[PDB]
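Consider the single chain below, provided in structure tokens and representing the form deposited without the partner chain.
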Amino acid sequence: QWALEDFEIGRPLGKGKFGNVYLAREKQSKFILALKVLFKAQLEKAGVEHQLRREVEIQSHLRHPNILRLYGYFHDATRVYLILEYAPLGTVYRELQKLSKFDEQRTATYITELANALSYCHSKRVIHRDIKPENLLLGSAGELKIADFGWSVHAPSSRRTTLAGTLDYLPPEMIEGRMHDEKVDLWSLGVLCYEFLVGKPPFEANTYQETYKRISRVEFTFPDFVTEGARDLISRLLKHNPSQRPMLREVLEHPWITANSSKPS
């Protein structure tokens, strides 16, 4: 169907390990979108063809206001192209670098929206496994949206591939290459909530080997300005044994969330 000639390319939107993303308009309809460009030689080299295929399939058959749509794809001897919904207000990552910290109202609202999209996701036994600020995008009304389904699978699961970048958002079971399930996503939720209110993730460290340590021992402390309601939720999500982590109905109805969030479930 589609080909490169059908588009006009505009400004760079972001680089990833593999993805190079651009603003684009389709010629006969003037439709604006995002074009994620991958190099076949980089994909062969690293052996992650299976990740790309899975990203394509999951993200095209899901439909939820808090999850970024995937429309289509095509390739051309050098490259594979994905056609994505455009997110006009950017990443949560950049927003956190702008403000340094989020207030309780902003944080709670963000957590509500993640918990809603993840709930829809888990109801098909799909687990994301890569929830971090670089992969949360912002809609035109400011609403949060989940992207980059490259690492997602069906539960239960064993780990596949080498871990490339940061460990900061991973649960103990996953860094230790043990078996994992839906509860990895909930651990990341607690990691995320803490980073919203403090400005940095709870297990941050100078080296790989020591981040590894702090994560498997669950060594985090709160600074003085973290309120009791916050502390309660974050302590319930960051438990070493997964089955002791709360379900998502419990996150959505926690008193601290219901008091500060500005959207319903």
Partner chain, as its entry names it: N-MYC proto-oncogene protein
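Think of the rigid core as the biggest set of C-alphas that the two forms share within 1.5 Å after superposition. Numbering follows the first chain given and starts at 1.
From this point on, the text means the form deposited with the partner chain bound, which you will not see here.
Mapping the unseen interface onto this chain, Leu170 counts among the residues with a heavy atom inside 4.5 Å of the partner chain in the bound PDB entry.
Using a 4.5 angstroms threshold between heavy atoms, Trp151 counts as touching the partner chain in the bound PDB entry. Interface membership of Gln105, defined by any non-hydrogen atom within 4.5 Å of the partner chain in the bound PDB entry, is ruled out. In the bound PDB entry, at least one heavy atom of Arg160 sits within 4.5 Å of a heavy atom of the partner chain. Residues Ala46, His61 and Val126 are all found to lie within 4.5 Å of the partner chain in the bound PDB entry, as judged by heavy atom distances. Residues in 75-91 all lack a heavy atom within 4.5 Å of the partner chain in the bound PDB entry. A 2 Å or larger CA shift between the shown form and the other one, after fitting on the rigid core, occurs at just one of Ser123, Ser140, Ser158, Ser100, namely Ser158.
In the bound PDB entry, the Cα positions of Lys40 and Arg160 lie at least 3 Å farther from each other than in the form displayed. Whereas the displayed form keeps them at a certain spacing, the CA atoms of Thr161 and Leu43 lie at least 3 angstroms farther apart in the bound PDB entry.
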